[PDB]
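> Here it is, the structure in full.
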Amino acid sequence: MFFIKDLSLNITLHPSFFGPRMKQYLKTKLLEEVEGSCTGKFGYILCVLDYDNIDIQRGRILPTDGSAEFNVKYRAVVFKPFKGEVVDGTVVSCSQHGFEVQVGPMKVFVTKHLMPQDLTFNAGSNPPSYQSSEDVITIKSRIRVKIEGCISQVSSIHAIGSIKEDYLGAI
Amino acid sequence: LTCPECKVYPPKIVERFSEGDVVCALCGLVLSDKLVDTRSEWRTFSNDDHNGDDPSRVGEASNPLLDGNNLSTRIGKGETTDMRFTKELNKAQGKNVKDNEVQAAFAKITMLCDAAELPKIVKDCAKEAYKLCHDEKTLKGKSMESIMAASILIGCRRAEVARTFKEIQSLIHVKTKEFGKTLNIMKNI
Amino acid sequence: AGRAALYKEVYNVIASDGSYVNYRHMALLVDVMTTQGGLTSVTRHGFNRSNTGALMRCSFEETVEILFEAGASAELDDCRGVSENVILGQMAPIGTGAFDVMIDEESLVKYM
Amino acid sequence: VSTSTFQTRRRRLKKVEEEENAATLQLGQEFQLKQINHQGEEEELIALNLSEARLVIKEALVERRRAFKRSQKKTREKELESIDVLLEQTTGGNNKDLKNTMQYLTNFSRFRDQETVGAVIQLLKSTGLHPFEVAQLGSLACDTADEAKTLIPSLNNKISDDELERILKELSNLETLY
Amino acid sequence: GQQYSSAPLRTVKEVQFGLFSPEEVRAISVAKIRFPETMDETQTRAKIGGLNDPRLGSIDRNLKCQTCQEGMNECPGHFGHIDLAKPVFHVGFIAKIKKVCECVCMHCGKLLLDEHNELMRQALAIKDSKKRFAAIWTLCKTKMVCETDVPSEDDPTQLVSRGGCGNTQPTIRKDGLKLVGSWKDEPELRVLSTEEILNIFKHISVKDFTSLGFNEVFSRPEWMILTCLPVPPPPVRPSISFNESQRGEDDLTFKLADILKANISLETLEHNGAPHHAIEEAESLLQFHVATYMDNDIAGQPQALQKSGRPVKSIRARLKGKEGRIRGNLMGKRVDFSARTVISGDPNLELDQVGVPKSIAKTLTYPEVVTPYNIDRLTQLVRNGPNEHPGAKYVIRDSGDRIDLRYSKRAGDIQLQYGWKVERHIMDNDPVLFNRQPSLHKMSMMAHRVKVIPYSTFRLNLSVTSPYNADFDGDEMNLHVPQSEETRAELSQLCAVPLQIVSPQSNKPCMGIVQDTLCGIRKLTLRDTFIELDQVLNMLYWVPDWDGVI
Amino acid sequence: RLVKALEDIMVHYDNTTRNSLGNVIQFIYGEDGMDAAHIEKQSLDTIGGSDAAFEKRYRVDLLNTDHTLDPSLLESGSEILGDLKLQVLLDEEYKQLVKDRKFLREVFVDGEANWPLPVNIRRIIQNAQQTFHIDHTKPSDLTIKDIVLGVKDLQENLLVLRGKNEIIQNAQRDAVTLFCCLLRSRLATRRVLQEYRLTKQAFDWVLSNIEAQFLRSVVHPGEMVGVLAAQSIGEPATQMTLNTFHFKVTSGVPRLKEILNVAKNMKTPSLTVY
Amino acid sequence: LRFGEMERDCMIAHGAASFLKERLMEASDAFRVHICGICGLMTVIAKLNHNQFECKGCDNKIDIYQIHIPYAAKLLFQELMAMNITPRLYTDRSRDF
Amino acid sequence: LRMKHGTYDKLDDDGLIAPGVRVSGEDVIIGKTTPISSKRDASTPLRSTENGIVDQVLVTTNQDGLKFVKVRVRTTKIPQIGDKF
Amino acid sequence: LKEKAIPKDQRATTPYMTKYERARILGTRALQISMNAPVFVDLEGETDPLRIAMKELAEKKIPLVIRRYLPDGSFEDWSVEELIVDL
DNA sequence: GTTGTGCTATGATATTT
RNA sequence: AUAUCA
DNA sequence: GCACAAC
Ligand SMILES: [Mg+2]
Ligand SMILES: [Mg+2]
Ligand SMILES: [Zn+2]
Ligand SMILES: [Zn+2]
Ligand SMILES: [Zn+2]
Ligand SMILES: [Zn+2]
């Protein structure tokens, strides 16, 4: 996982920016619009690489308003989870319904029903935890999860995970 | 509409039709730019085009007060037409045809006004008086040929068309005291 | 040889009026009527029956009967005709529209 | 304004064609392994394990701070702090996505140094598995060849049981003791 | 204005024509459309969950447009569907439909002629889809039997069995909007019903109809037959609410209601005890209403008429003629920022100028954009107001907010910002397109140079009469004002009068000295003509380009 | 109908004339690649006249006492007499001139001399005299080489079509065939020295102006050529009055219909037998 | 006043392409619709305020372009649809040339 | 509702201008409302391209007795430039 | 495909600027100038954006580039610096 | 051989139900 | 729809 | 009312 992807964005510049700090404004407008966004298609666009060699290309000037539209080609590190992927992460929240595991930029929810048999939610614990005989899972512990499926909400990707099978769980 | 910048309770606004704008008379802010000619737009529904050459003429006016909303064209002869298909498609409209039939009591009012030499504004009041009182429990079981004979004097008494009750006794029919009580239970409604 | 006689016959109609049109204009018309392989009439069942864009053909004479056929034949209009871009309200690919203009950052930094 | 990719596709009108993604190595239409360079040449997919991802981003965010000071002309625990300094200098600050990614990567990375990472890179690339699998093998620490072939089902029969145990041995050694 | 959408602005590069799959018609639709009632929740003032906005488009200066909101000047209007009781022919393809049936085996669905046939092998080779169908049809319209047995391409001694089914093919003929077959002492004659055809088409093979010109994705034969009816939104068929007892509906809304009524009727008949012949009687009524709605000018059939005796304006008829949607709303349309009046001649104008009545110049506008070059000048114009000539009518802020200068109390006070526009009066030396109809060649539209003058006529130099073909016997002409800094450059650089002097029509100038000046330039040139000092000085002075040397 | 049929025809950036399909109609617009507005009727000279007078006008024989250039016409005239190296240049020049003759007579078989061609060469020679104050009594400082090799070098500069390949280059030579015929008939060695009396300075300027004007005369890619053609024909068809006047072949507007409709049944069919 | 067909032929014959465009759009019709980039239809439910789009039927909320076309052109396509014809509009090409 | 931008001051309370008043563009000759519910404006303005003085104004009922009013407006047209002879 | 960019040498179109190319360049630049785009020339008191764009164009300091499309899809890029203006 | 099917100048202006 | 305008 | 196109 954690890919590097070759992407291209279309930015449009209003003529008043047709000055010497043009390429700079463009690369900036790229980092504003793309970096830290999130799409179902590519995942989380986390960071744009090689700031110096971002290719601005030539800008086609639209024929109505004087503005000019560029196709900025850039390289980025992205994050896209897949069903079946196994990931380590940290517990960030933990309720009577399961717990969330923050993995990279995205959280994964482990429903109380994809959990080992005797590992059950005890609310008298401080904080509320999952309290097996040889396991205690709470709000700060490290977990290894298997992603049972992803949900795409074009702004973020959320997913649901299992710790039931062999080799999973706490670490 | 009310100007977003000013907001005074009596919202003084003008319709500068000639520039096709709706302006706030105080600050001068234009509140709308798309503006349509209602006269010429109404010309597309009620025109003088009976031939069928006008490309502007594209709709028809109806009367939602009298016949409700019954949109329905009629199969008829055109330029290139066989007299066979007209008959079949009309004989087919016969199988598709109670209160949706009591609208033929408008044909009783129309044929009574034209027999009484009455204007087009009187019929449409007699048809609206009859539609709003023929299914009343306040009229219940009055002589059904004397409640439409009473709604014609109700339509004449608003359109300023002088017609005595004895003038409508000559038309149909009228039983005097029978269409005189009916001319009062409706008058209350 | 037909192309020639066709120019010749058109030329005669113009020169009979004592008028004069530059050869190219008449040659262009004639050349168009004949590049199909034979005499293509300048009529609804001639030039407008070629395999051009569907909206283009529809703007002259057969309109709806052209758009139904356009539908059932699943035509694809590549929008190179002037007619198409006019219907679409876009800058036509003619004259001032036959190229494209782009800014170059390299030389913009040069000049200033 | 929706950010586009490097490859083309025929719009057959039938949007109903997209398949799901799994550990049968059926990544997206986007992330399949034969993909295309900005210069137009066909190169292989690049999936990074952490450590490797932590370095790419760090190395890149520094290349960027340089350029911003140019234009200005006219221990793990300690690193968690230094990184949050680099972000407030180079990123838009609203980038909570990246801020977590670095905290995550910094806390879960098995290999710290570019030398060590290169050693993993060398080792894992003779096996000629999917680039997705070598990334997982670089991120998930496993002791038995079963652990591996359970957490990475995508393998199963691509590599032998004993040859995979050799590799897990060499990975465990290269593991940085923070 | 019209509010901002984050959607990427793009241009249309290709247009992919096709037919509507009933599956898709259903899928697009935002409303069921169940009742022939317009609005009136029984004598009310709201739309009925049934015809126009059951969930649909919005009108009447009211947002309500199903979550979409926006209202009139943004909403495109979204479609509803109508579920038809039985299949009906789309009037436009009754032609094609008959032709397809002649090509395909009825009841079987196979093509009547194989690759085994020699002439068909040739027809199947054709590249143009349209020409190929032509050939293919001409071949197997005569094939009156679906073969099971056919001689191989080796020798007629042993026959190779192609596709099965061995039925006689009917000679199909068009009777009204129905298709009639005839199978061969005395033949069998009966009506091919739509449901048959619809079924026979579905069985047609993908490689078969592809050979017949159709396309597997966008245009399948089975979609030539209407099963679901896309219902157009109010924008396509506007309504008007006059005075509570007067209301105007569009002819389409009428024609739809008939389709619906005829539909609701036939649905009840099939549901109930189907009397066979009383159903097909009601079907060919539905067939008529649906058919007459797309086309009312049908040959052989009676027109659907609208009470007043006038025939219903079908959809076909709105697109058709000059004054249609094509010839008259797209290929040519009336426009803003234009003016027209009587022309008169003026020997004291320049060739490339045009006399513009002060009244017109005060009405027509050019939206100059505030930069620090014109910022001073524009502030003075605004401050003049729209009454005095050199002034302005509107001031447009960056937000799109436009202000009518004739209603602002602090008119001259508005501190203009760069980037804001100021819609000012047409001024002297602004470029305009001048045009005299019929515009027969490009010199009938030439870019002129405004001179604001008094009196109500357009004034033009006489030598420019020749290409506009104007005489001053009450002729009117057209002025168009460009609105962009870019669009005036196109005029000034390309369409300008002085450029059009030497014409490509005939490689000679198309403008010359005429009338008085031509007649008098002869009388001035005679050897007899001598001029003495006092008047010579006056002639000399009169030439603006005079070098001051007697 | 004419406009809607020529609508999408225009000239593309390879000086070709295509439609919205990219189908080629004309390979070089107007067969010459020239913009119509830059063309003028010009006399082709060479084409007509007696063989005897043609020889009197163009032939230069440096090897013959009588038919050489008189030393009044140029400085080098006295030491030009009998110069065998030079005479091969003029022999070439005059051979090329008689080639053009038999060619122009193959092209305009009736012998018409006045045809529309770009660059008015007659007015360039005029402007050259008005400018440099050419003295019609003093010998020029031109060499035979200056004139002969100059006009040969100009010809290679009058390009309508660029393109490194052979086919394009051939289409280039072909589109400038008739102009170069005119050009050699106007800057023939004798004619330059005897009739125009140009000087080396004037002659060089003249050749400069020819090149620059020729370039200015070629069609601009984008030119809507077809609509232009339809209007150029439609418009004077409106001025057409038959409307005979004072008073057996159908002519004018109704005959023009037949031609465009390609009507099989024409009103006045005829054939002229020679 | 009517800028008719013949007035168009002239602006073409002149090569003034932008003038034609301004005259046919800005000077008149000039509408903006959103189209789905799967089916070239104008069936996008653009709630510009909430910045939500979506073309159901394609179940597509991601592939949406906004275009600028004459209203009378938008009227034309809707009328063709009304007659079962699909005028599909695409913003990318697929054909060479 | 939807009043004309023109002026209504020249109307006497019967909704008519008295004859003799001089008018001008966009001004309201006849005041009318079409009550629907308070009421929309159905008034008649003088043609915007014209002007003059009201000549005569008559009030009547027709065949069926609908009140209707005719207004005459007089101008004097003095020969100007675009004028035809 | 974008391989249809014909390289700088091997360009074969007129090295002269077409009447429409110049018209569009002047219009385009004038437009941008009126939209407050930076001006690349000492305006000697000039205020009309067209007059300014012409001063830019006669100084060959417009940073625009014409992309000439050929009928088959290819194109040749020329810069106004290099195009010859002889109109 | 007969039927049958498209279209037939540009713009402008003024009334009449 | 008629009348009319160049 | 054409004139050319398909039955
Ligand atoms: Mg005249
Ligand atoms: Mg005249
Ligand atoms: Zn206000
Ligand atoms: Zn809506
Ligand atoms: Zn069969
Ligand atoms: Zn869609």
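For chain E, we keep the numbers from Swiss-Prot: what you see runs 3-186, 195-560, in order.
Method on record in the header is X-ray crystallography, 3.6 Å.
Every residue, even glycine, has its Cβ placed from backbone N, Cα and C.
Pulled the feature table from Swiss-Prot, pasting it below:
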| type | residues | note |
| --- | --- | --- |
| BINDING | E:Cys67, E:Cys70, E:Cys77, E:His80 | Zn(2+) 1 binding site |
| BINDING | E:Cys107, E:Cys110, E:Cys148, E:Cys167 | Zn(2+) 2 binding site |
| REGION | E:248-260 | region 'Lid loop' |
| REGION | E:306-323 | region 'Rudder loop' |
| BINDING | E:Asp481, E:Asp483 | Mg(2+) 2 binding site |
| BINDING | E:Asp481, E:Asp483, E:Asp485 | Mg(2+) 1 binding site |
> Identify, in sequence order, the residues in the chain of E:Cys148 (Zn(2+) 2 binding site) that are 6 or more apart from it along the sequence and have a CB within less than 8 Å of its CB; answer 'none' if there are none.
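Set apart from E:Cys148 (Zn(2+) 2 binding site) by at least 6 residues yet with Cβ under 8 Å, we have E:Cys107, E:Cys110, E:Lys112, E:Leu114, E:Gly165, E:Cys167, E:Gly168, E:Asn169, E:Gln171.
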> Return the residue, from the listed binding-site residues E:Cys67, E:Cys70, E:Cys110, with the maximum count of other C-beta atoms within 10 angstroms of its C-beta.
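Selected residue: E:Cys67.
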> Take the C-alpha atoms of E:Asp483 (Mg(2+) 2 binding site) and E:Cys77 (Zn(2+) 1 binding site) and report the distance between them in angstrom, rounded.
48
> Quick check for the class: what is the C-alpha distance, in angstrom and rounded, between E:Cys67 (Zn(2+) 1 binding site) and E:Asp485 (Mg(2+) 1 binding site)?
49
> Reduced to three states, what secondary structure does DSSP give E:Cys77 (Zn(2+) 1 binding site)?
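E:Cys77 (Zn(2+) 1 binding site) sits in coil per DSSP, no helix or strand.
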> Tell me the Cβ contacts of E:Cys77 (Zn(2+) 1 binding site) under 8 Å, same chain only and six or more apart in sequence, or just say none.
E:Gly59, E:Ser60, E:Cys67, E:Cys70, E:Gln71
> Filter the binding-site residues E:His80, E:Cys107, E:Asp481 down to those with CB closer than 6 A to an atom of ligand 2; keep them in sequence order.
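Checked binding-site residues vs ligand 2; flagged E:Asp481.
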> Hey, of the binding-site residues listed (E:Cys107, E:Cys167), which one tops the CB count within 10 A?
E:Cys107
> Quick check for the class: what is the C-alpha distance, in angstrom and rounded, between E:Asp485 (Mg(2+) 1 binding site) and E:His80 (Zn(2+) 1 binding site)?
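Distance between the two Cα atoms comes out at 47 Å.
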> Using CB under 6 Å from any atom of ligand 5, narrow the binding-site residues E:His80, E:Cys107, E:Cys167 to the ones that qualify.
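List returned for ligand 5: E:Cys107, E:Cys167.
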> Would you mind ranking the binding-site residues E:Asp481, E:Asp483, E:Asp485 by how many other Cβ atoms sit within 10 Å of each Cβ and giving me the lowest?
E:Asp483
> Among the binding-site residues E:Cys77, E:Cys148, E:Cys167, E:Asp485, which have a Cβ atom lying under 6 Å from any atom of ligand 3?
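Correct list: empty, so none.
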> Near E:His80 (Zn(2+) 1 binding site), which residues of its own chain have a C-beta under 8 A away, given they sit six or more steps off in sequence?
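Listed in sequence order: E:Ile30, E:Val32, E:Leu58, E:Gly59, E:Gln68, E:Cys70, E:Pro243.
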> List the residues in the vicinity of the Zn(2+) 2 site, defined as same-chain residues other than E:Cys107, E:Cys110, E:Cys148, E:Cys167 with C-beta within 8 angstroms of the site's C-beta centre.
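Surrounding the site, in chain order, are E:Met108, E:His109, E:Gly111, E:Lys112, E:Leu114, E:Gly165, E:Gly166, E:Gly168, E:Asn169.
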> Beyond the listed site residues E:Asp481, E:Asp483, E:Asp485, identify every same-chain residue whose Cβ lies within 8 Å of the center of their Cβ atoms for the Mg(2+) 1 site.
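Here the nearby residues are E:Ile353, E:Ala480, E:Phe482, E:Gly484.
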> Which residue counts does DSSP yield for the region 'Rudder loop' (E:306-323) in the helix, strand and coil classes, in that order?
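Helix, strand, coil within the region 'Rudder loop' (E:306-323): 0 helix, 6 strand, 12 coil.
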> Check the binding-site residues E:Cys67, E:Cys148, E:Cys167, E:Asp481, E:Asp485 for any whose Cβ is under 6 angstroms from an atom of ligand 4, and report them in sequence order.
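List returned for ligand 4: E:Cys67.
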> Looking at the binding-site residues E:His80, E:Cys110, E:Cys148, E:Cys167, E:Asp481, which have a C-beta within less than 6 Å of some atom in ligand 1?
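List returned for ligand 1: E:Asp481.
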> How many helix, strand and coil residues does the region 'Lid loop' (E:248-260) contain under DSSP?
0 helix, 6 strand, 7 coil
> When each of the binding-site residues E:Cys67, E:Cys107, E:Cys110, E:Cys148, E:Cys167, E:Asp485 is checked against chain G, which show a C-beta distance below 8 angstroms?
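Among the binding-site residues E:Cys67, E:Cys107, E:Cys110, E:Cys148, E:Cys167, E:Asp485, not one has a Cβ sitting under 8 Å from a Cβ of chain G.
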